[PDB]
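To be precise, the following lines are final19.cif, and they hold mmCIF, C-alpha atoms and all ligand atoms.
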```cif
data_upload
#
loop_
_atom_site.label_atom_id
_atom_site.label_comp_id
_atom_site.auth_asym_id
_atom_site.auth_seq_id
_atom_site.Cartn_x
_atom_site.Cartn_y
_atom_site.Cartn_z
CA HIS A 4 -40.53 -18.55 56.14
CA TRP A 5 -39.94 -20.39 52.88
CA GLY A 6 -41.53 -23.80 52.44
CA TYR A 7 -43.32 -26.05 49.97
CA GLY A 8 -46.88 -24.75 50.26
CA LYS A 9 -48.88 -22.70 47.78
CA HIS A 10 -48.01 -19.53 49.66
CA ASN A 11 -44.32 -20.09 50.41
CA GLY A 12 -43.18 -22.69 47.90
CA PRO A 13 -40.70 -22.79 45.00
CA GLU A 14 -42.56 -20.10 42.99
CA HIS A 15 -42.06 -17.61 45.85
CA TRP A 16 -38.44 -18.31 46.76
CA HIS A 17 -36.92 -15.82 44.30
CA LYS A 18 -38.38 -12.87 46.23
CA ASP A 19 -36.01 -13.46 49.15
CA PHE A 20 -33.40 -15.57 47.35
CA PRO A 21 -32.92 -13.96 43.93
CA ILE A 22 -30.34 -16.58 42.94
CA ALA A 23 -33.39 -18.84 42.50
CA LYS A 24 -33.38 -17.56 38.89
CA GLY A 25 -29.61 -18.00 38.54
CA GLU A 26 -27.42 -19.66 35.94
CA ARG A 27 -26.67 -22.97 37.69
CA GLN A 28 -29.75 -23.89 39.70
CA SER A 29 -30.72 -27.39 40.80
CA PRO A 30 -32.37 -29.79 40.39
CA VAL A 31 -32.51 -30.41 36.64
CA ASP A 32 -33.96 -32.98 34.29
CA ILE A 33 -31.29 -35.42 33.17
CA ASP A 34 -31.87 -36.03 29.46
CA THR A 35 -30.03 -39.32 29.05
CA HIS A 36 -29.74 -38.93 25.30
CA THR A 37 -28.08 -35.51 25.58
CA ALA A 38 -25.76 -36.47 28.46
CA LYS A 39 -22.32 -37.47 27.18
CA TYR A 40 -19.89 -40.11 28.44
CA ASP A 41 -16.76 -38.41 29.77
CA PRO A 42 -13.59 -40.53 29.61
CA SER A 43 -11.75 -37.93 31.73
CA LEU A 44 -13.83 -38.72 34.82
CA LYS A 45 -11.81 -40.61 37.45
CA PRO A 46 -13.30 -43.53 39.37
CA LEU A 47 -15.65 -42.40 42.15
CA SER A 48 -14.51 -43.22 45.70
CA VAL A 49 -17.10 -43.40 48.48
CA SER A 50 -15.18 -44.01 51.71
CA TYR A 51 -17.68 -44.29 54.55
CA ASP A 52 -16.19 -47.09 56.68
CA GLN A 53 -15.28 -44.75 59.56
CA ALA A 54 -18.47 -42.66 59.40
CA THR A 55 -19.68 -41.34 62.74
CA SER A 56 -23.37 -40.49 62.72
CA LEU A 57 -24.57 -38.44 65.67
CA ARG A 58 -28.15 -37.27 65.56
CA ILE A 59 -31.32 -37.07 63.49
CA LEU A 60 -33.23 -33.76 63.34
CA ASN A 61 -36.61 -32.66 61.93
CA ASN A 62 -35.83 -29.16 60.65
CA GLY A 63 -39.33 -28.38 59.37
CA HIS A 64 -38.32 -29.04 55.75
CA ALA A 65 -36.96 -32.61 55.88
CA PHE A 66 -35.04 -34.69 58.41
CA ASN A 67 -31.24 -34.68 58.56
CA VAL A 68 -28.97 -37.42 59.81
CA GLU A 69 -25.89 -35.52 60.98
CA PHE A 70 -22.28 -36.72 61.09
CA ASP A 71 -19.09 -35.81 62.90
CA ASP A 72 -17.12 -33.91 60.24
CA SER A 73 -14.24 -32.78 62.46
CA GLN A 74 -11.96 -35.28 60.67
CA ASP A 75 -11.85 -37.22 57.38
CA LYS A 76 -14.07 -40.04 58.72
CA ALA A 77 -16.51 -40.33 55.81
CA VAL A 78 -15.38 -38.83 52.53
CA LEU A 79 -16.18 -38.65 48.84
CA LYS A 80 -13.34 -38.38 46.32
CA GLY A 81 -12.69 -39.02 42.64
CA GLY A 82 -15.21 -38.78 39.85
CA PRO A 83 -15.40 -35.14 38.79
CA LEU A 84 -13.96 -34.03 42.13
CA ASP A 85 -10.63 -32.42 42.88
CA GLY A 86 -9.69 -33.12 46.49
CA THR A 87 -11.57 -34.47 49.45
CA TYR A 88 -15.18 -33.85 50.43
CA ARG A 89 -16.35 -34.67 53.95
CA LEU A 90 -19.84 -36.04 54.72
CA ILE A 91 -21.79 -33.69 57.00
CA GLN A 92 -25.40 -34.93 56.69
CA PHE A 93 -27.91 -36.79 54.59
CA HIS A 94 -31.62 -36.20 54.07
CA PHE A 95 -34.38 -37.05 51.61
CA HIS A 96 -37.05 -35.37 49.50
CA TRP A 97 -40.27 -37.28 48.87
CA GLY A 98 -43.82 -37.11 47.58
CA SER A 99 -47.39 -37.52 48.75
CA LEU A 100 -47.78 -40.33 46.20
CA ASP A 101 -45.33 -42.85 44.71
CA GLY A 102 -45.33 -41.11 41.32
CA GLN A 103 -43.59 -37.97 42.59
CA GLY A 104 -41.00 -36.91 45.14
CA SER A 105 -37.60 -36.74 43.47
CA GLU A 106 -35.94 -33.44 42.66
CA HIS A 107 -33.84 -34.59 39.74
CA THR A 108 -35.73 -36.36 36.98
CA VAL A 109 -34.45 -38.77 34.35
CA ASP A 110 -35.95 -38.24 30.90
CA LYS A 111 -38.73 -36.47 32.81
CA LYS A 112 -39.35 -39.48 35.08
CA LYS A 113 -40.01 -38.60 38.72
CA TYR A 114 -39.02 -41.11 41.38
CA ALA A 115 -40.80 -41.60 44.72
CA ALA A 116 -37.99 -39.94 46.63
CA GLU A 117 -34.39 -38.79 46.44
CA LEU A 118 -31.56 -39.18 48.97
CA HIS A 119 -28.93 -36.42 49.27
CA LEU A 120 -25.60 -37.15 50.94
CA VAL A 121 -24.06 -33.73 51.50
CA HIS A 122 -20.29 -33.19 51.56
CA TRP A 123 -18.01 -30.15 51.84
CA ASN A 124 -14.59 -29.53 50.31
CA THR A 125 -12.03 -29.80 53.09
CA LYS A 127 -9.71 -27.22 51.54
CA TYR A 128 -12.18 -24.57 52.77
CA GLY A 129 -11.93 -25.60 56.42
CA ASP A 130 -15.62 -25.53 57.39
CA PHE A 131 -19.06 -25.86 55.79
CA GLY A 132 -19.79 -22.15 56.19
CA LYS A 133 -16.71 -21.20 54.20
CA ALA A 134 -17.39 -23.93 51.64
CA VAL A 135 -20.77 -22.41 50.74
CA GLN A 136 -18.97 -19.25 49.66
CA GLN A 137 -17.10 -21.19 46.93
CA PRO A 138 -18.04 -22.43 43.45
CA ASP A 139 -16.59 -25.88 44.28
CA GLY A 140 -17.47 -25.89 47.95
CA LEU A 141 -19.91 -28.81 48.06
CA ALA A 142 -20.55 -32.20 46.52
CA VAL A 143 -23.95 -33.83 46.87
CA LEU A 144 -24.40 -37.50 46.05
CA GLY A 145 -27.99 -38.02 44.92
CA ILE A 146 -29.71 -41.39 44.87
CA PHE A 147 -33.20 -42.11 43.57
CA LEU A 148 -35.71 -44.18 45.53
CA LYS A 149 -38.33 -46.35 43.83
CA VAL A 150 -41.01 -48.35 45.60
CA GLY A 151 -40.54 -52.11 45.52
CA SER A 152 -38.70 -54.33 47.97
CA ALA A 153 -37.64 -52.96 51.37
CA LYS A 154 -34.19 -51.43 51.84
CA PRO A 155 -32.83 -53.06 55.01
CA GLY A 156 -30.26 -50.29 55.57
CA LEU A 157 -33.06 -47.69 55.67
CA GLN A 158 -35.11 -49.38 58.37
CA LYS A 159 -33.26 -47.86 61.34
CA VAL A 160 -34.06 -44.42 59.92
CA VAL A 161 -37.73 -45.34 59.43
CA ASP A 162 -38.05 -46.62 62.97
CA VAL A 163 -36.73 -43.47 64.64
CA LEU A 164 -39.11 -41.12 62.81
CA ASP A 165 -41.84 -41.48 65.47
CA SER A 166 -39.52 -39.69 67.87
CA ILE A 167 -38.93 -36.68 65.61
CA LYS A 168 -42.44 -36.12 64.28
CA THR A 169 -42.44 -32.33 64.50
CA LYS A 170 -40.15 -29.43 63.64
CA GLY A 171 -37.32 -28.93 66.13
CA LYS A 172 -37.31 -32.48 67.49
CA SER A 173 -34.10 -34.50 67.44
CA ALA A 174 -32.93 -37.92 68.60
CA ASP A 175 -29.65 -39.74 69.10
CA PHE A 176 -28.65 -41.52 65.91
CA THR A 177 -25.20 -42.90 66.58
CA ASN A 178 -23.67 -45.97 64.93
CA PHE A 179 -25.61 -45.72 61.67
CA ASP A 180 -23.83 -46.98 58.53
CA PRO A 181 -24.76 -44.85 55.49
CA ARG A 182 -23.24 -47.51 53.20
CA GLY A 183 -26.52 -49.39 53.62
CA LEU A 184 -28.31 -46.71 51.57
CA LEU A 185 -26.29 -47.18 48.37
CA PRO A 186 -27.21 -49.21 45.28
CA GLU A 187 -24.80 -51.78 43.82
CA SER A 188 -23.49 -49.59 41.00
CA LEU A 189 -21.73 -46.26 41.34
CA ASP A 190 -22.40 -45.25 37.71
CA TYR A 191 -23.41 -41.59 37.75
CA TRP A 192 -24.23 -38.36 35.98
CA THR A 193 -22.58 -35.12 37.08
CA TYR A 194 -23.13 -31.41 36.52
CA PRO A 195 -22.50 -28.09 38.34
CA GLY A 196 -25.48 -26.83 40.32
CA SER A 197 -26.87 -25.45 43.53
CA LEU A 198 -28.53 -26.23 46.80
CA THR A 199 -32.13 -27.19 46.02
CA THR A 200 -33.55 -25.26 48.99
CA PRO A 201 -32.98 -21.68 50.10
CA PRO A 202 -30.43 -20.18 50.21
CA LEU A 203 -30.05 -21.91 46.77
CA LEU A 204 -26.30 -21.23 46.71
CA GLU A 205 -24.45 -22.23 43.55
CA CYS A 206 -21.69 -24.22 45.21
CA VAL A 207 -22.51 -27.83 44.38
CA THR A 208 -20.97 -30.49 42.18
CA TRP A 209 -23.90 -32.85 41.74
CA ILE A 210 -23.23 -36.56 41.39
CA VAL A 211 -26.48 -38.43 40.71
CA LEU A 212 -26.36 -42.22 40.67
CA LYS A 213 -27.95 -43.99 37.73
CA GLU A 214 -29.21 -46.97 39.73
CA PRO A 215 -32.11 -46.27 42.08
CA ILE A 216 -32.46 -48.04 45.39
CA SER A 217 -35.68 -49.87 46.15
CA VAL A 218 -37.60 -49.12 49.33
CA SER A 219 -40.91 -50.61 50.45
CA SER A 220 -44.27 -48.88 50.37
CA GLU A 221 -44.31 -49.17 54.16
CA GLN A 222 -40.95 -47.40 54.47
CA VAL A 223 -41.96 -44.41 52.35
CA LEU A 224 -45.39 -44.27 54.03
CA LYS A 225 -43.59 -43.59 57.30
CA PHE A 226 -41.72 -40.62 55.77
CA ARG A 227 -45.16 -39.19 54.92
CA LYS A 228 -46.29 -39.28 58.57
CA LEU A 229 -43.76 -36.64 59.59
CA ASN A 230 -44.90 -33.04 60.18
CA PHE A 231 -43.64 -29.74 58.75
CA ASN A 232 -45.15 -28.01 61.80
CA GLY A 233 -43.95 -27.82 65.38
CA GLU A 234 -45.50 -29.57 68.36
CA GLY A 235 -48.91 -28.17 69.31
CA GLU A 236 -49.43 -26.50 65.92
CA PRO A 237 -51.96 -27.54 63.25
CA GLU A 238 -50.76 -30.71 61.56
CA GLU A 239 -49.22 -30.29 58.12
CA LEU A 240 -47.94 -33.58 56.75
CA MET A 241 -44.34 -33.44 55.55
CA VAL A 242 -44.89 -34.48 51.93
CA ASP A 243 -43.91 -33.02 48.55
CA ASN A 244 -40.79 -31.33 49.94
CA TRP A 245 -39.14 -31.26 46.49
CA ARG A 246 -38.22 -28.45 44.11
CA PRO A 247 -39.07 -29.11 40.46
CA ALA A 248 -36.50 -29.19 37.67
CA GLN A 249 -34.88 -25.84 36.81
CA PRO A 250 -33.54 -24.50 33.49
CA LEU A 251 -30.33 -26.23 32.40
CA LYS A 252 -29.00 -23.03 30.81
CA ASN A 253 -25.31 -23.18 29.88
CA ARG A 254 -24.59 -26.62 31.30
CA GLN A 255 -23.66 -30.08 30.09
CA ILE A 256 -24.41 -33.23 32.05
CA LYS A 257 -21.64 -35.80 31.88
CA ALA A 258 -21.98 -39.55 32.33
CA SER A 259 -19.42 -41.80 34.00
CA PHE A 260 -20.58 -44.79 31.99
CA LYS A 261 -21.05 -45.76 28.34
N1 LIG A 301 -31.12 -30.35 49.10
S1 LIG A 301 -29.55 -30.05 49.08
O1 LIG A 301 -28.85 -31.29 49.27
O2 LIG A 301 -29.25 -29.28 47.91
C1 LIG A 301 -29.17 -29.03 50.48
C2 LIG A 301 -28.05 -29.31 51.25
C3 LIG A 301 -27.69 -28.45 52.27
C4 LIG A 301 -28.42 -27.31 52.53
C5 LIG A 301 -28.01 -26.36 53.64
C6 LIG A 301 -29.06 -26.30 54.72
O3 LIG A 301 -29.01 -27.45 55.54
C7 LIG A 301 -29.54 -27.04 51.75
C8 LIG A 301 -29.92 -27.89 50.73
ZN ZN A 302 -31.66 -32.18 49.38
#
```
Please go through the file and, once you have read it, give me the structure as structure tokens.
Ligand SMILES: NS(=O)(=O)c1ccc(CCO)cc1
Ligand SMILES: [Zn+2]
Amino acid sequence: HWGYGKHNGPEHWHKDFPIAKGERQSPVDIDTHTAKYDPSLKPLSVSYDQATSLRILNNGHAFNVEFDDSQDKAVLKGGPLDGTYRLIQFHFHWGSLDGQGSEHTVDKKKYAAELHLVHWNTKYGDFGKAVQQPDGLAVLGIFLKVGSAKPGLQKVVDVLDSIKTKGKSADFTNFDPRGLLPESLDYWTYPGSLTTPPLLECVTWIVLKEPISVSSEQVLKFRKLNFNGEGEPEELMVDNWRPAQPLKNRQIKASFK
């Protein structure tokens, strides 16, 4: 029953998910002046060449592009990570207007949207077990700004008409998530949480410094989705982001000087 409305949004979540007020909640503001370069960070390895996308689903909160994670087909390694993390899905958070939509902020700047590529630590065997561990997940976050179109996003944009409402899904095979990345893999990293209920504190966040550009037309199509199910009163799927949470006892590290 949680959502992003006045009556079920981020201010209400703690009543059913008390970890909402926990010690390593996400997202956070990334103060670039306070973040410190970490020479101990290993190079980041995004290995998506054998990725097998399967399906796209409107879950009433966002839309997920789901992958076959039964083998090491698309994995994230290196950086702050120990071991291998397998891609299970990606999704976005976005705003009603171009000036808001991201979950993380950079020196308080909000981007139009934010892409989350979600991975689980293979040493735990399955996603469900991984979310019971402090190092169970790694989410690669990428900011979206409005400018030129992102060609690798267009296939996603064009399928959205078929998953307008909650519970709808469509085939989404043969999609290459490499087309959603910027040129640079420079990043910030910190320990955090899922940004939606259940808000579990299992995530190593890796947030890329370089945003991708998407066109106004592309993001406008995100905003035509519905939070509601078919037949129900239309509630546009917009502003599905949690604001920045207290940093508490955490340091954000940078991979770059
Ligand atoms: N927004 S997020 O990437 O922290 C996130 C990833 C995965 C889940 C589990 C429910 O699909 C919840 C939130
Ligand atoms: Zn997310």
| query | Residues at most 10 Å from residue 113 of chain A, counting all atoms listed in the file, excluding those fewer than 2 positions away in the same chain, as a VMD selection string? | reply | chain A and resid 32 98 101 to 111 115 to 117 147 to 149 247
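Across A:154, A:127, A:4, A:119, the tightest approach to residue 75 of chain A is made by A:127 when counting all atoms listed in the file.
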| task | Tell me which of A:54, A:203, A:258, A:79 sits closest to ligand ZN 302 (chain A), counting only C-alpha atoms and all ligand atoms. | result |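 Selected residue with least distance to ligand ZN 302 (chain A): A:203.
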| Interatomic distance between atom CA of residue 214 of chain A and atom CA of residue 69 of chain A? | 24.4 Å
| request: Write out as a PyMOL selection string the residues lying within 9 Å of residue 43 of chain A, counting all atoms listed in the file and excluding same-chain residues fewer than 5 positions away. | output: chain A and resi 82-83+259
| Skipping near chain neighbours, those fewer than 5 positions away, what residues fall within 12 Å of residue 95 of chain A using only C-alpha atoms, listed as an NGL selection string? | :A and (61 or 64-68 or 104-106 or 114-121 or 143-148 or 157 or 160-161 or 184 or 199 or 223 or 226-227 or 241-245)
| said: For a quick check of understanding, using all atoms listed in the file, which of A:173, A:96, A:5, A:55 has the smallest distance to ligand ZN 302 (chain A)? | reply: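 The shortest atom-to-atom distance to ligand ZN 302 (chain A) comes from A:96.
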| message | With distances taken over all atoms listed in the file, which residue among A:234, A:85, A:239, A:205 lies nearest ligand LIG 301 (chain A)? | response |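 Closest candidate: A:205.
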| In Å, how far is it from atom CA of residue 189 of chain A to atom CA of residue 30 of chain A? |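 So the two atoms, atom CA of residue 189 of chain A and atom CA of residue 30 of chain A, lie 19.6 Å apart.
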Could you give me, as a PDB file with C-alpha atoms, in the frame of the given file, the residues within 8 Å of segment 163-171 of chain A, counting only C-alpha atoms and dropping anything in the same chain fewer than 5 positions from it?
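Saved file out28.pdb follows:
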```
ATOM      1  CA  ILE A  59     -31.320 -37.070  63.490  1.00  0.00           C
ATOM      2  CA  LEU A  60     -33.230 -33.760  63.340  1.00  0.00           C
ATOM      3  CA  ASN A  61     -36.610 -32.660  61.930  1.00  0.00           C
ATOM      4  CA  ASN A  62     -35.830 -29.160  60.650  1.00  0.00           C
ATOM      5  CA  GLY A  63     -39.330 -28.380  59.370  1.00  0.00           C
ATOM      6  CA  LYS A 225     -43.590 -43.590  57.300  1.00  0.00           C
ATOM      7  CA  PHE A 226     -41.720 -40.620  55.770  1.00  0.00           C
ATOM      8  CA  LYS A 228     -46.290 -39.280  58.570  1.00  0.00           C
ATOM      9  CA  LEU A 229     -43.760 -36.640  59.590  1.00  0.00           C
ATOM     10  CA  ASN A 230     -44.900 -33.040  60.180  1.00  0.00           C
ATOM     11  CA  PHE A 231     -43.640 -29.740  58.750  1.00  0.00           C
ATOM     12  CA  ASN A 232     -45.150 -28.010  61.800  1.00  0.00           C
ATOM     13  CA  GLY A 233     -43.950 -27.820  65.380  1.00  0.00           C
ATOM     14  CA  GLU A 234     -45.500 -29.570  68.360  1.00  0.00           C
TER      15      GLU A 234
END
```
| message | Set the distance at 9 Å and use all atoms listed in the file: which residues neighbour residue 77 of chain A once local chain neighbours fewer than 2 positions away are removed? I'd like the list as a PyMOL selection string. | response | chain A and resi 49-55+70-72+74-75+79+88-91
| field | Protein, DNA and RNA residues within 7 Å of (-14.3, -43.1, 41.3), only C-alpha atoms, as a PyMOL selection string | value | chain A and resi 45-48+80-82
| query | In terms of the shortest atom-to-atom distance over all atoms listed in the file, which of A:44, A:212, A:142, A:33 is closest to ligand LIG 301 (chain A)? | reply |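 Residue with the minimum atom-to-atom distance to ligand LIG 301 (chain A): A:142.
We find atom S1 of ligand LIG 301 (chain A) and atom CA of residue 196 of chain A to be spaced 10.2 Å apart.
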| With all atoms listed in the file as the basis for distance, which of A:17, A:9, A:159, A:94 is at the shortest distance from residue 202 of chain A? | A:17
